[PDB]
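Shown next: data-v1.txt, containing compact mmCIF, N, CA and C atoms.
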# COMPACT_ATOMS: atom_id res chain seq x y z
N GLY A 1 -2.54 8.86 -31.01
CA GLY A 1 -3.73 8.27 -30.43
C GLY A 1 -3.69 8.26 -28.91
N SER A 2 -4.86 8.35 -28.29
CA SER A 2 -4.96 8.35 -26.84
C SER A 2 -6.17 7.55 -26.37
N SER A 3 -5.97 6.74 -25.34
CA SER A 3 -7.04 5.91 -24.80
C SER A 3 -6.94 5.82 -23.28
N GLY A 4 -5.78 5.40 -22.79
CA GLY A 4 -5.58 5.28 -21.36
C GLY A 4 -5.18 3.88 -20.94
N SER A 5 -4.14 3.35 -21.58
CA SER A 5 -3.66 2.01 -21.28
C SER A 5 -2.27 2.06 -20.66
N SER A 6 -2.15 1.53 -19.44
CA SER A 6 -0.88 1.51 -18.74
C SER A 6 -0.15 0.19 -18.96
N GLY A 7 -0.86 -0.91 -18.76
CA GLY A 7 -0.26 -2.22 -18.95
C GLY A 7 0.10 -2.89 -17.64
N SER A 8 0.65 -2.11 -16.71
CA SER A 8 1.04 -2.64 -15.41
C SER A 8 0.22 -1.99 -14.29
N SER A 9 -0.69 -2.76 -13.71
CA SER A 9 -1.54 -2.27 -12.63
C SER A 9 -0.75 -2.16 -11.33
N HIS A 10 -1.28 -1.39 -10.38
CA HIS A 10 -0.64 -1.21 -9.09
C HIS A 10 -1.65 -0.77 -8.04
N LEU A 11 -1.56 -1.37 -6.85
CA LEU A 11 -2.46 -1.04 -5.76
C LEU A 11 -2.40 0.45 -5.42
N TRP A 12 -1.21 0.91 -5.04
CA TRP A 12 -1.01 2.31 -4.70
C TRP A 12 -1.77 3.22 -5.66
N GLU A 13 -1.87 2.80 -6.91
CA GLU A 13 -2.57 3.58 -7.92
C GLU A 13 -4.08 3.45 -7.76
N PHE A 14 -4.55 2.23 -7.53
CA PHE A 14 -5.98 1.97 -7.36
C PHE A 14 -6.51 2.71 -6.14
N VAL A 15 -5.88 2.49 -4.99
CA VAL A 15 -6.30 3.14 -3.75
C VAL A 15 -6.24 4.66 -3.88
N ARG A 16 -5.26 5.14 -4.63
CA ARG A 16 -5.09 6.58 -4.83
C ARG A 16 -6.19 7.14 -5.73
N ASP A 17 -6.44 6.45 -6.84
CA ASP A 17 -7.47 6.88 -7.78
C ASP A 17 -8.81 7.07 -7.08
N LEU A 18 -9.09 6.21 -6.11
CA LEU A 18 -10.34 6.29 -5.36
C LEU A 18 -10.47 7.64 -4.66
N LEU A 19 -9.34 8.18 -4.21
CA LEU A 19 -9.33 9.47 -3.53
C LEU A 19 -9.64 10.60 -4.50
N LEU A 20 -9.26 10.42 -5.76
CA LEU A 20 -9.50 11.42 -6.79
C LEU A 20 -10.77 11.10 -7.57
N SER A 21 -11.40 9.98 -7.24
CA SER A 21 -12.62 9.56 -7.92
C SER A 21 -13.73 9.28 -6.91
N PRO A 22 -14.40 10.36 -6.47
CA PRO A 22 -15.50 10.26 -5.50
C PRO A 22 -16.74 9.61 -6.09
N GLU A 23 -16.73 9.42 -7.41
CA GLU A 23 -17.86 8.81 -8.10
C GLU A 23 -17.83 7.29 -7.96
N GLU A 24 -16.62 6.75 -7.81
CA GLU A 24 -16.45 5.31 -7.67
C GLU A 24 -16.27 4.92 -6.20
N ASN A 25 -15.51 5.73 -5.47
CA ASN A 25 -15.25 5.47 -4.06
C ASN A 25 -16.46 5.85 -3.21
N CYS A 26 -16.89 4.93 -2.36
CA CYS A 26 -18.03 5.17 -1.49
C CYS A 26 -17.62 5.15 -0.02
N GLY A 27 -17.15 6.29 0.48
CA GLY A 27 -16.72 6.38 1.86
C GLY A 27 -15.79 5.26 2.25
N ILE A 28 -14.78 5.01 1.42
CA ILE A 28 -13.81 3.95 1.68
C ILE A 28 -12.50 4.53 2.21
N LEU A 29 -12.19 5.75 1.79
CA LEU A 29 -10.96 6.41 2.22
C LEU A 29 -11.23 7.87 2.59
N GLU A 30 -10.23 8.52 3.18
CA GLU A 30 -10.36 9.91 3.59
C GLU A 30 -9.06 10.67 3.37
N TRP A 31 -9.17 11.93 2.99
CA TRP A 31 -8.00 12.77 2.75
C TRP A 31 -7.54 13.46 4.03
N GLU A 32 -6.53 12.89 4.68
CA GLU A 32 -6.01 13.45 5.91
C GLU A 32 -5.10 14.65 5.62
N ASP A 33 -4.44 14.62 4.47
CA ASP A 33 -3.54 15.70 4.08
C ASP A 33 -3.34 15.70 2.56
N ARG A 34 -3.88 16.72 1.90
CA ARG A 34 -3.76 16.85 0.46
C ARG A 34 -2.34 17.25 0.06
N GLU A 35 -1.74 18.14 0.85
CA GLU A 35 -0.38 18.60 0.58
C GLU A 35 0.62 17.47 0.76
N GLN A 36 0.57 16.82 1.92
CA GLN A 36 1.48 15.72 2.22
C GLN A 36 1.09 14.47 1.45
N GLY A 37 -0.22 14.28 1.26
CA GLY A 37 -0.70 13.11 0.55
C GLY A 37 -1.10 11.99 1.48
N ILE A 38 -1.42 12.33 2.72
CA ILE A 38 -1.82 11.34 3.71
C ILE A 38 -3.31 11.03 3.61
N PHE A 39 -3.64 9.74 3.65
CA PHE A 39 -5.03 9.31 3.56
C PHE A 39 -5.32 8.20 4.57
N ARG A 40 -6.59 8.06 4.93
CA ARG A 40 -7.00 7.05 5.89
C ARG A 40 -7.93 6.02 5.24
N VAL A 41 -7.90 4.80 5.75
CA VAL A 41 -8.74 3.73 5.22
C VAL A 41 -9.96 3.50 6.10
N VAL A 42 -10.97 4.35 5.94
CA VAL A 42 -12.19 4.24 6.72
C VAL A 42 -12.76 2.82 6.66
N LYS A 43 -12.81 2.26 5.45
CA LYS A 43 -13.32 0.91 5.25
C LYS A 43 -12.22 -0.02 4.78
N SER A 44 -11.52 -0.65 5.73
CA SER A 44 -10.44 -1.57 5.40
C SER A 44 -10.98 -2.82 4.71
N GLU A 45 -12.26 -3.09 4.91
CA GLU A 45 -12.90 -4.25 4.30
C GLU A 45 -13.28 -3.97 2.85
N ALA A 46 -13.93 -2.83 2.63
CA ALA A 46 -14.35 -2.44 1.29
C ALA A 46 -13.15 -2.14 0.40
N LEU A 47 -12.08 -1.63 1.01
CA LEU A 47 -10.87 -1.30 0.27
C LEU A 47 -10.32 -2.52 -0.46
N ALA A 48 -10.12 -3.61 0.28
CA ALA A 48 -9.61 -4.84 -0.30
C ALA A 48 -10.63 -5.47 -1.25
N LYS A 49 -11.86 -5.63 -0.77
CA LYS A 49 -12.92 -6.21 -1.58
C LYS A 49 -12.94 -5.61 -2.98
N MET A 50 -12.84 -4.29 -3.06
CA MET A 50 -12.84 -3.60 -4.34
C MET A 50 -11.55 -3.88 -5.11
N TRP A 51 -10.43 -3.87 -4.39
CA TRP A 51 -9.13 -4.12 -5.00
C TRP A 51 -9.12 -5.46 -5.74
N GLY A 52 -9.47 -6.53 -5.02
CA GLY A 52 -9.50 -7.85 -5.61
C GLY A 52 -10.20 -7.86 -6.96
N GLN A 53 -11.40 -7.30 -7.00
CA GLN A 53 -12.18 -7.25 -8.24
C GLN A 53 -11.31 -6.80 -9.41
N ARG A 54 -10.37 -5.91 -9.13
CA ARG A 54 -9.47 -5.39 -10.16
C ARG A 54 -8.46 -6.45 -10.58
N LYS A 55 -8.05 -7.28 -9.62
CA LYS A 55 -7.08 -8.34 -9.89
C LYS A 55 -7.78 -9.69 -10.02
N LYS A 56 -9.11 -9.67 -10.02
CA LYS A 56 -9.89 -10.89 -10.14
C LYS A 56 -9.55 -11.87 -9.01
N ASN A 57 -9.18 -11.32 -7.86
CA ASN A 57 -8.83 -12.14 -6.70
C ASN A 57 -10.00 -12.22 -5.72
N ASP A 58 -10.94 -13.12 -5.99
CA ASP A 58 -12.10 -13.30 -5.14
C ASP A 58 -11.68 -13.50 -3.68
N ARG A 59 -10.45 -13.97 -3.49
CA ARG A 59 -9.93 -14.21 -2.15
C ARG A 59 -9.08 -13.03 -1.68
N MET A 60 -9.41 -11.84 -2.17
CA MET A 60 -8.68 -10.63 -1.80
C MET A 60 -9.23 -10.04 -0.51
N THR A 61 -8.32 -9.69 0.40
CA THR A 61 -8.71 -9.11 1.68
C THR A 61 -7.61 -8.22 2.24
N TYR A 62 -8.01 -7.25 3.07
CA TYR A 62 -7.05 -6.33 3.67
C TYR A 62 -5.77 -7.05 4.07
N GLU A 63 -5.92 -8.07 4.92
CA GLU A 63 -4.77 -8.84 5.38
C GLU A 63 -3.78 -9.08 4.24
N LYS A 64 -4.30 -9.40 3.06
CA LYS A 64 -3.47 -9.65 1.90
C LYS A 64 -3.01 -8.34 1.26
N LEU A 65 -3.97 -7.47 0.96
CA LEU A 65 -3.67 -6.18 0.35
C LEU A 65 -2.49 -5.51 1.05
N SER A 66 -2.57 -5.41 2.37
CA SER A 66 -1.51 -4.79 3.16
C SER A 66 -0.14 -5.26 2.69
N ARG A 67 -0.03 -6.55 2.38
CA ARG A 67 1.22 -7.12 1.91
C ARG A 67 1.94 -6.17 0.96
N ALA A 68 1.16 -5.49 0.12
CA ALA A 68 1.72 -4.54 -0.84
C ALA A 68 1.93 -3.17 -0.21
N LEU A 69 1.10 -2.86 0.79
CA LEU A 69 1.19 -1.57 1.48
C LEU A 69 2.47 -1.49 2.30
N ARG A 70 2.92 -2.63 2.81
CA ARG A 70 4.13 -2.69 3.62
C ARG A 70 5.36 -2.93 2.75
N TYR A 71 5.13 -3.46 1.55
CA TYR A 71 6.21 -3.75 0.62
C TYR A 71 6.58 -2.51 -0.19
N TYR A 72 5.69 -1.52 -0.18
CA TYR A 72 5.92 -0.29 -0.92
C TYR A 72 6.92 0.60 -0.19
N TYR A 73 7.05 0.40 1.12
CA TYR A 73 7.97 1.18 1.93
C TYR A 73 9.41 0.97 1.47
N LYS A 74 9.66 -0.18 0.84
CA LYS A 74 11.00 -0.50 0.35
C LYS A 74 11.33 0.31 -0.89
N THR A 75 10.35 0.48 -1.77
CA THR A 75 10.54 1.23 -3.00
C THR A 75 10.27 2.72 -2.78
N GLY A 76 9.50 3.03 -1.74
CA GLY A 76 9.19 4.42 -1.44
C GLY A 76 7.78 4.80 -1.87
N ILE A 77 7.19 3.98 -2.74
CA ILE A 77 5.85 4.24 -3.23
C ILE A 77 4.93 4.71 -2.10
N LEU A 78 5.05 4.07 -0.94
CA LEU A 78 4.24 4.43 0.21
C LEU A 78 5.11 4.94 1.35
N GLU A 79 4.47 5.53 2.36
CA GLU A 79 5.19 6.07 3.51
C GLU A 79 4.63 5.50 4.81
N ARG A 80 5.49 4.84 5.58
CA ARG A 80 5.09 4.24 6.84
C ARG A 80 4.58 5.31 7.81
N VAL A 81 3.45 5.03 8.45
CA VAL A 81 2.86 5.96 9.40
C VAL A 81 2.68 5.32 10.77
N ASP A 82 2.71 6.14 11.81
CA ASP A 82 2.56 5.65 13.18
C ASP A 82 1.11 5.79 13.64
N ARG A 83 0.18 5.63 12.71
CA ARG A 83 -1.24 5.74 13.03
C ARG A 83 -1.98 4.45 12.70
N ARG A 84 -3.29 4.44 12.93
CA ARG A 84 -4.10 3.27 12.66
C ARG A 84 -4.88 3.43 11.35
N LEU A 85 -4.73 2.46 10.46
CA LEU A 85 -5.41 2.50 9.17
C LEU A 85 -5.16 3.82 8.45
N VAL A 86 -3.96 4.37 8.64
CA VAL A 86 -3.59 5.63 8.01
C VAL A 86 -2.30 5.49 7.20
N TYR A 87 -2.41 5.65 5.89
CA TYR A 87 -1.25 5.54 5.01
C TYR A 87 -0.98 6.86 4.29
N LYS A 88 0.17 6.95 3.65
CA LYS A 88 0.56 8.16 2.92
C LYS A 88 1.48 7.82 1.75
N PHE A 89 1.16 8.35 0.58
CA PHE A 89 1.95 8.11 -0.61
C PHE A 89 3.31 8.80 -0.51
N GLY A 90 4.37 8.04 -0.76
CA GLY A 90 5.71 8.60 -0.69
C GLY A 90 6.02 9.53 -1.84
N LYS A 91 7.29 9.61 -2.21
CA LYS A 91 7.71 10.47 -3.31
C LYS A 91 7.77 9.69 -4.62
N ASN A 92 7.94 8.38 -4.52
CA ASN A 92 8.02 7.52 -5.69
C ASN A 92 6.71 7.57 -6.48
N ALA A 93 5.60 7.70 -5.77
CA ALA A 93 4.29 7.76 -6.41
C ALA A 93 4.07 9.11 -7.08
N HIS A 94 3.15 9.15 -8.04
CA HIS A 94 2.85 10.38 -8.77
C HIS A 94 1.34 10.54 -8.95
N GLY A 95 0.93 11.69 -9.47
CA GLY A 95 -0.48 11.95 -9.69
C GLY A 95 -1.12 12.68 -8.53
N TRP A 96 -0.87 12.19 -7.32
CA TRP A 96 -1.43 12.80 -6.12
C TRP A 96 -0.68 14.08 -5.75
N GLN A 97 0.64 14.05 -5.90
CA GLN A 97 1.47 15.20 -5.59
C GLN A 97 0.97 16.44 -6.31
N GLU A 98 1.34 17.61 -5.79
CA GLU A 98 0.92 18.88 -6.39
C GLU A 98 2.10 19.84 -6.48
N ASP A 99 1.95 20.87 -7.32
CA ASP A 99 3.00 21.87 -7.50
C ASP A 99 4.32 21.20 -7.86
N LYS A 100 5.30 22.01 -8.25
CA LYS A 100 6.62 21.51 -8.62
C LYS A 100 7.65 21.81 -7.53
N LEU A 101 7.89 20.84 -6.66
CA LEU A 101 8.85 21.01 -5.58
C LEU A 101 9.98 19.99 -5.69
N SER A 102 11.19 20.48 -5.95
CA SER A 102 12.35 19.61 -6.09
C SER A 102 13.33 19.84 -4.94
N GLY A 103 13.83 21.06 -4.82
CA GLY A 103 14.77 21.39 -3.76
C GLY A 103 16.00 22.10 -4.28
N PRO A 104 16.84 22.59 -3.36
CA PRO A 104 18.07 23.30 -3.70
C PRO A 104 19.13 22.38 -4.30
N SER A 105 18.95 21.08 -4.09
CA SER A 105 19.89 20.09 -4.61
C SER A 105 19.33 19.40 -5.84
N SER A 106 20.21 19.04 -6.77
CA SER A 106 19.80 18.37 -8.00
C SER A 106 20.97 17.62 -8.63
N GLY A 107 20.82 16.30 -8.75
CA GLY A 107 21.88 15.49 -9.34
C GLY A 107 23.26 15.98 -8.97
How would this structure read if it were set down as structure tokens?
Amino acid sequence: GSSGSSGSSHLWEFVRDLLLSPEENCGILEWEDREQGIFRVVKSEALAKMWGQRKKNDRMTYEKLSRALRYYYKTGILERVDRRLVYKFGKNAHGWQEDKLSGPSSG
């Protein structure tokens, strides 16, 4: 059977899905680099507002959302950038990445 149930939600996933779902996302993000996976948050306000709705957090706002954007750097899910309102999915994240690139080294 197939439906589409994960069980554990995640911001990095929500914000990412928006990039692959132009039908739901309304000029909220931008694809700075498809290969690298870098994206920009054109609407830092709409980004959070929409996020909260997913977590039923009426008090959801960028200031708060970021909390997870900066906490992802520890796990690798996200990649710290030296730009403004510009984030990039690390290697820990999946779905956005393309092609099969591992490297000359392996375990």
Residues flagged strand (DSSP E or B) by DSSP in chain A, as a PyMOL selection string: chain A and resi 30-33+38-40+78-79+86-89
Spatial neighbours of segment 13-30 of chain A, 5 Å, only N, CA and C atoms, chain gap at least 4 places, as a list in words: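 In the requested format, the answer is residues 39, 40, 41, 42 and 43 of chain A.
The coordinates place atom CA of residue 77 of chain A at 20.9 Å from atom C of residue 60 of chain A.
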One-decimal distance in Å that lies between atom C of residue 37 of chain A and atom CA of residue 79 of chain A: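 Straight-line distance from atom CA of residue 79 of chain A to atom C of residue 37 of chain A works out to 8.9 Å.
Look at everything within 7 Å of (2.8, 4.9, -5.6) using only N, CA and C atoms, and the residues you get are residues 11, 12, 13, 76, 77, 78, 89, 90, 91, 92, 93 and 94 of chain A.
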All helix (DSSP H, G or I) positions in chain A, as a ChimeraX atom specification: /A:11-20,44-55,62-75
Interatomic distance, atom C of residue 95 of chain A to atom CA of residue 71 of chain A (Å, one decimal):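 Atom CA of residue 71 of chain A lies 20.2 Å from atom C of residue 95 of chain A.
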Padding 3 Å on each side, edges along x, y and z: where is the centre of the box around the listed atoms of segment 14-32 of chain A, and how long are its edges in Å to one decimal? Output it as JSON.
{"center_x": -11.3, "center_y": 8.3, "center_z": -1.1, "size_x": 19.5, "size_y": 18.7, "size_z": 20.0}
For residue 36 of chain A, the nearest of the candidates A:75, A:84, A:3, A:98, counting only C-alpha atoms: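 Distance minimum relative to residue 36 of chain A lands on A:98.
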Closest of A:101, A:10, A:4, A:35 to residue 52 of chain A - atom-to-atom distances counting only C-alpha atoms: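 Looking only at the distances to residue 52 of chain A, the closest residue turns out to be A:10.
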